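Report on the following structure.
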There are 2 protein chains.
Amino acid sequence: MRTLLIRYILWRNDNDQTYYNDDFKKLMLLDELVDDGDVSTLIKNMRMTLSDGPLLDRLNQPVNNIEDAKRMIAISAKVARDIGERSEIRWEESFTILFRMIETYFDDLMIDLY
Amino acid sequence: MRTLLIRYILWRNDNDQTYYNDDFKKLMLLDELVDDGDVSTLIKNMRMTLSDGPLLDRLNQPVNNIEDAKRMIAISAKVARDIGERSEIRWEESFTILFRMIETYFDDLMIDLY
């Protein structure tokens, strides 16, 4: 999961075809669990503050079940999409928190997704 | 640089063709600056300790010039290669340190490489 997720989120940010892979298809389904309202808001704060800030905060909320987890991957994916490819974001940090929160649900996420 | 490097190192670890990209070619040249002796040693300690450990340490040495930087990318790349694709390594951490050390030489690395 770890590697796949890093590639997915990154791809979702620059859309570079050469780093695309059909597994993204299934992951992209999770988008549904996330309201484009929140995403839009988040994006706005990120640009208001010129920072990872807001996103890092959302990634720090708790995750008590696989649904929680899926949502967090989704919110990362959409932010990654809408924020811009020119955005100097230290993706390693976001991944660090994100995996800290969902690492444990990886096995089940695999199953649930593939 | 940040994104390219994450993709390169990860690819160098599982060799998944679908995430391959010819820019890797140039980066792969840097291999030369790194002695396969060190890499082998490092790998051994990582397995002796069952951990990121050793690699994290090498990534923490200082980088005072672009040559230093290139070497560190190289050492990351070869470790990534020889360590194994089944190795549960939290790549986000290594990237965190690695970029902390070479982030500043990105622009010049681009130029020097492409």
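Here the Cβ positions follow ideal geometry from the backbone for every residue, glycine too, while neighbour counts run over all protein chains shown. Quick note: the coordinates plus some simple rules give every number you see, no bench work behind them.
Normalised by 2.2 N^0.38 Å, where N is the number of residues, the alpha-carbon radius of gyration of the protein assembly as shown equals 1.02.
Show that you can apply the helix-only estimate: for chain B, add -39,500 (n - 2.57) for every DSSP H stretch of four or more residues, divide by all residues, and state [θ] at 222 nm to the nearest 500.
-21000 deg cm²/dmol, from helical runs alone.
Multiplying each eigenvalue of the alpha-carbon gyration tensor of segment B:65-110 by 5 and taking the square root yields semi-axes of 22, 12, 7 Å, largest first, rounded to whole angstroms. A:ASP23 label point (Cα plus 7 Å toward Cβ) to equivalent points in the other copies: 2.1 nm, shortest first. Sites listed here are trypsin sites (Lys or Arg not before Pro) in segment A:1-96 whose DSSP assignment is loop and whose Cβ has at most 12 other Cβ atoms within 10 Å: A:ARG86.
Computed from label points 7 Å out along Cα-Cβ, the spacing between B:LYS25 and A:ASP23 is 2.7 nm. Note on chain A: GNM, Cα springs under 10 Å; of A:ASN60, A:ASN21, A:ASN13, the largest mean-square fluctuation is that of A:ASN21. Volume per residue for segment A:2-114 equals 92 cubic angstrom (convex hull of Cα atoms). For the protein assembly as shown, a crude dipole built from +1 on the beta carbon of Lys and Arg and -1 on the beta carbon of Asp and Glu, taken about the Cα centre, is about 60 debye to the nearest 20.
In this model, which of A:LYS26/A:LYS70; B:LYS25/B:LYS70; B:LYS26/B:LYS78; B:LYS44/B:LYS70; A:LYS78/B:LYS25; A:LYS26/A:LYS78 are farther than 21 Å apart at the alpha-carbon? Show your work: numbers first, answer last.
Values: A:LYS26/A:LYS70 11 Å; B:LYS25/B:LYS70 14 Å; B:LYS26/B:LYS78 14 Å; B:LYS44/B:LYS70 23 Å; A:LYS78/B:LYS25 31 Å; A:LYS26/A:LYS78 14 Å.
Beyond 21 Å: B:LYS44/B:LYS70; A:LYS78/B:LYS25.
The mean number of Cβ atoms from other chains found within 10 Å of a Cβ in peptide A:10-20 is 3, as a whole number.
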